[PDB]
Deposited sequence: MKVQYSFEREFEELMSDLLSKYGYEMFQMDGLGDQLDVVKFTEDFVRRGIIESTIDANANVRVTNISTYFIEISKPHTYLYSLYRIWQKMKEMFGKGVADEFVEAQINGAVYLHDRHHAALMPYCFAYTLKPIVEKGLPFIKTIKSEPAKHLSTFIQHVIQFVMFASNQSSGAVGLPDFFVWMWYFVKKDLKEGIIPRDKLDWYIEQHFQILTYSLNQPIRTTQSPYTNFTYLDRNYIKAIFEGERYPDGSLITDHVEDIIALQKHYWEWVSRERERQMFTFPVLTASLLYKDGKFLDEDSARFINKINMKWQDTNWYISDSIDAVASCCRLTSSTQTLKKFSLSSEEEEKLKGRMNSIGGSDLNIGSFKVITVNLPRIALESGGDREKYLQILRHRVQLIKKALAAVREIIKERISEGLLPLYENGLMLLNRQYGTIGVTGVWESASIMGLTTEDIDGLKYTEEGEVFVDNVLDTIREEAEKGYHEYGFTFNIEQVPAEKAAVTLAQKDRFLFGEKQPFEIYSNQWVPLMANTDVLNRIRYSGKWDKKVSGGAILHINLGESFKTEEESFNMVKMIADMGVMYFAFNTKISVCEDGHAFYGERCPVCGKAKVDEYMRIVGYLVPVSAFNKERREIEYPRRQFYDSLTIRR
């Protein structure tokens, strides 16, 4: 049988032309080949996973195809047919990578939420039961769990809870005062509620992506200045209890991750660091100590808290450490190796193409944003209507991947005694690439009325597929089986100091939209942490 999908004529024409240009195997590589054949898909699938996976996966080609089409329509409406055509061509041939493409015309990527609207209003967007604002710890924890479950299904990416412990403390104290618990059973009641939360957030084939952030004293003071709990108390008056509550959780998981063997929430510590020292050295020494066991907390370093006290400021990171009330509605990544391949070694041409493609990506992000707005107006994204997800606090994200491979193809990498590295010219070249992307991102605000950011994305699948497409198009000229999601590859034989220095040079140019992975005593570890923080690295972890 053949089934009719009812596209506009011009889109049909476009897809026919692209098919003729690139062949069926490009489409197959893009996930628009056999994958759209339900019988093949189903019979192949049915040969760790169970049936629940099937119903999730079966529709992904189809909702991708619809999303591509819808984005094309909106781009045509906004900028004209040629632009829309060019974007579709770029997405299908792999010059760019639309993330969560099966969701791109239906819902947004991620957000790091505050729990205040929950505490104050409960969960009125759910009708199957009425949920009065909580008044005890058990209710609060339930509500939080349900909120996470609901948000994971209203979005494609991470659910961040950086101020979780702030609001948890309040219900701990309130419960304590009203004698719901015996004091001698406080810690048991706390750890119980940790267990309930942690257990519920590690349930399926894979768990939703959540983030916790250990806020230091500076961040707590800065974020919640003036703000009050429900009882009228000032939040800033309980900084030491909130800290105490966070440390308890951190200690608890390090013991418990052995036993119960869970991943989430992904843990980040946010520390204000200036002039060679931590402004909250206690918290820093605590995290440094805790991490000794598993190295399970990511180090977030900042030199300022102005961002967290219409152009958007605040850190956005797909792994963790996204600031409170910050996110991204969509990421679209630039294939930098493609551009290298298209440039033929000419760096001027490289930068002209880069610039042009980043400009296209902005137009697509704008179009996606308009579609999200359409979804909101259609009553489909209640997290917006209920002011939990804020569109004015979401970036459009320009992604980058394959910086190293791109530089390599340009002949700007080498190897000396200290292993693999960029050449001097290669460092200048990366400087220029990143400065160009920055320039365009910054122009974006005035151009389209919302803020753009940049991230060196994890690219778990993109790093493979973009490489495959480039190999398909450029053959032996593209030697890499996979593109890199760090400034210098994880597997690379290179001195740790170079790695660190690169991160110290380039992390700032993406405003912390990157991570550094670095593979006998506390003071040693802490000396290293300080050394890395001194060099300007904004987000890192040891393995």
item: Deposited-sequence stretches lacking C-alpha coordinates, listed in sequence order; value: 48 to 62, 220 to 222, 328 to 349, 560 to 564, 589 to 651
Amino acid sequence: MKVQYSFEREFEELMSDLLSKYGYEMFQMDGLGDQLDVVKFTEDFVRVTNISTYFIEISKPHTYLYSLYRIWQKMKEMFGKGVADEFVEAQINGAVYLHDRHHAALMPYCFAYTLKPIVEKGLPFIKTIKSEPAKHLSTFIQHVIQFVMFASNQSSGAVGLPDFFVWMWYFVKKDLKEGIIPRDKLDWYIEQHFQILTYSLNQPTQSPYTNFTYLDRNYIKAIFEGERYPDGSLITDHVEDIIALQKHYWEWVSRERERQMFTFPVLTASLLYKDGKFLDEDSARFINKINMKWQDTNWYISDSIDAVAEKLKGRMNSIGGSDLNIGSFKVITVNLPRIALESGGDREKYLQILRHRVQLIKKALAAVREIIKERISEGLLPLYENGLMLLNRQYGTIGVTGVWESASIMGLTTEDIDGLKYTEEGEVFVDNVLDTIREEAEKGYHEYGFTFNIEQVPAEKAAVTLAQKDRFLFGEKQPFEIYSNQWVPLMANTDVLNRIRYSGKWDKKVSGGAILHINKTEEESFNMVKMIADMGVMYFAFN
From here on, numbers count along this sequence of modelled residues.
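Basically, rigid core = biggest C-alpha set you can superpose within 1.5 Å across the two forms.
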item: Which of 233 to 241 and 173 to 181 strays further in 5 other deposited structures of this protein - Cα RMS after rigid core alignment; value: 173 to 181
item: Of 119 to 127 and 74 to 82, which departs more from this form in 5 other deposited structures of this protein by CA RMS after core fitting; value: 119 to 127
item: Unmodelled in at least a third of other entries of this protein, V496; value: no
item: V39 unmodelled in at least a third of other compared entries; value: no
item: Which of 273 to 281 and 79 to 87 has higher mean CA B factor, as the PDB entry lists it; value: 273 to 281
item: Mean C-alpha temperature factor, higher of 397 to 405 and 293 to 301; value: 293 to 301
item: Selection from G160, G232, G344, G327 [criterion: highest C-alpha temperature factor in the record]; value: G232
item: Residue with maximal Cα B-factor (values as given in the PDB entry) among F286, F150, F212, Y350; value: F286
item: Ranked C-alpha temperature factor of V48 among modelled chain residues, by third; value: highest
item: Among modelled residues of the same chain, the CA temperature factor third for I515; value: lowest
item: Within-chain third of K127 by Cα B-factor, per the entry; value: highest
item: Chain third (lowest, middle, highest) by recorded CA B-factor, residue given as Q478; value: middle
item: Entry-reported Cα temperature factor of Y109, expressed as the chain third it lands in; value: lowest
